[PDB]
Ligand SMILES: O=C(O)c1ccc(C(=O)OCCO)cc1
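Next up is one chain by itself, shown in structure tokens, the form solved without the ligand.
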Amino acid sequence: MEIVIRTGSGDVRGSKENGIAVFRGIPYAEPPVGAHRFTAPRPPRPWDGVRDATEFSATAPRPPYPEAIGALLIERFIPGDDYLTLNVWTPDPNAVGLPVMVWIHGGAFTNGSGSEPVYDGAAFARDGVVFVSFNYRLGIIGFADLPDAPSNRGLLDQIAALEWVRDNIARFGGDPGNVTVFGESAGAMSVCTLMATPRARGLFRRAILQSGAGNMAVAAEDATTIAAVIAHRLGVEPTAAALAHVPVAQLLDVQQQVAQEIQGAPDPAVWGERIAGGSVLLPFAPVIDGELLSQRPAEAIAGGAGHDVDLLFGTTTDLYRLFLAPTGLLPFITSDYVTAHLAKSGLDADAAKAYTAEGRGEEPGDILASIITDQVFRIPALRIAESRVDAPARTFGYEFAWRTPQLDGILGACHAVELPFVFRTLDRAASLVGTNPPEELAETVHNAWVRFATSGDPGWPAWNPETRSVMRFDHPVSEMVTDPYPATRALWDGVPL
């Protein structure tokens, strides 16, 4: 059972059970406590002897998901301060040059962890892939911009963990030259951010963007506003020097309140006109700080960032229904609301018709959901694929179309449902995908992910702007499709950002 591997910071003890060596809670950065909430991740103190790497470590401080989301997306909080840790699954640490997959969890930069059961790496290890997951700093601590703190610590954490992988994964049987980094949404947007970040150079050879693209950044001045509001509500200065002492429950509380206010209609008196106008999608997304992130990841990618990196990208067909549907309130959304929403992107009311004509929404709420799926995920994802037309690296796309049965099927192929199929952790995600999700689909998606990590090819035709081909994952039939939803797609050609 017990298996001991040398890391850069000293020896770790995992456990091999059934030809899988599992290491949990390998620290890649010192506990980011107090002032170190907001410092660059520090190499862990290089211990002598054997540190236990058998239990998942603490996870980053996060608020609960909203009641709606949270019933579907059941997080596993692990208390503690020492959460800048990573987990490795390998079939054999003595293996030569196994594909390494580094998982960057999503959760809108405020939630999630590497260690959520659904992100279990065993299924990747069983297929000859070294799997790495890890926690990175979230929310205020991870990403709120402060004048006296390096920006985007959660991003610096991701780099640190990817650098850990670079420096250590060979001792867990992995090829540091064959690292596929992958993430869901905020994790995928992170990947996009990393492609745009000098400090991530060469840290991954391939990327799987699962329902996340290069549009999730906060302008510096909006991050400054967010930090200021956070601070005013904490009765302290908008500085790391101040926030280093706020009890995390009060950080999270104010953080949570910022998240909801930005998710809703932000008061312009509180937030300024930009943020009230919607300049901020996610308020704790990486800040365009100028150094780590000189520009929005989409523009960097449009200019060739990550073009040397093989890309498997995709979205869930009904992604945003996760956020609009599970409270039973989709039917109350109105056409004029969709029209006003369309108008924010300079689209006329009748753009909604294209959604209806393409099976993407009978009622306004259905359309809004699809519109938002397009605006924040599918079109940004496609803009990345389009930017890579001349990239030396390969681009493959997918659409996760399997509709979850939960809540009478109201969710469709909503956000996150592809996670347990990717990880073959379907029995850990029944709150989201129900009790009897098709395991064949899990095998299919997972093997494609394994194939992509292994060779840069998921096993289906490459995505190009000619045919815009993607693997439409569903059950019983996952089959290639071409240029899915072209009319709604063509709606966004001139839409800013």
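For every residue, the number given is its place in the sequence shown, counted from 1.
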item	value
Greater mean Cα temperature factor according to the PDB record, 202-210 or 320-328	320-328
472-480 versus 15-23 - greater average Cα B-factor per the deposited record	15-23
Peak C-alpha temperature factor (PDB record), options 346, 107, 392, 177	346
Peak C-alpha temperature factor (PDB record), options 142, 314, 306, 277	277
Among modelled residues of the same chain, the CA temperature factor third for residue 168	middle
Chain thirds of CA B-factor: placement of residue 281	highest
Assigned third (lowest, middle, highest) for the C-alpha B factor of residue 47	highest
For residue 89, the third of its chain into which the C-alpha B factor falls	middle
Residue 339 - Cα temperature factor, lowest/middle/highest third of chain	middle
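Beyond the structure shown, there is the form deposited with the ligand bound, which is absent from this document and is the topic of what follows.
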{"property": "Contact test in the deposited complex: residue 42 vs the ligand, heavy atoms, 4.5 Å", "result": "no"}
{"property": "4.5 Å heavy atom contact, residue 419 and the ligand in the deposited complex", "result": "yes"}
{"property": "The ligand contact in the deposited complex: residue 427, any heavy atom under 4.5 Å", "result": "yes"}
{"property": "Residue 118 within 4.5 Å of the ligand in the deposited complex, heavy atoms", "result": "yes"}
{"property": "Segment that reaches the ligand in the deposited complex - one of 28-36, 45-53, 454-462, 431-439, heavy atoms within 4.5 Å", "result": "431-439"}
{"property": "In the deposited complex, the residue from 72, 368, 246, 230 that sits within 4.5 Å of the ligand by heavy atoms", "result": "72"}
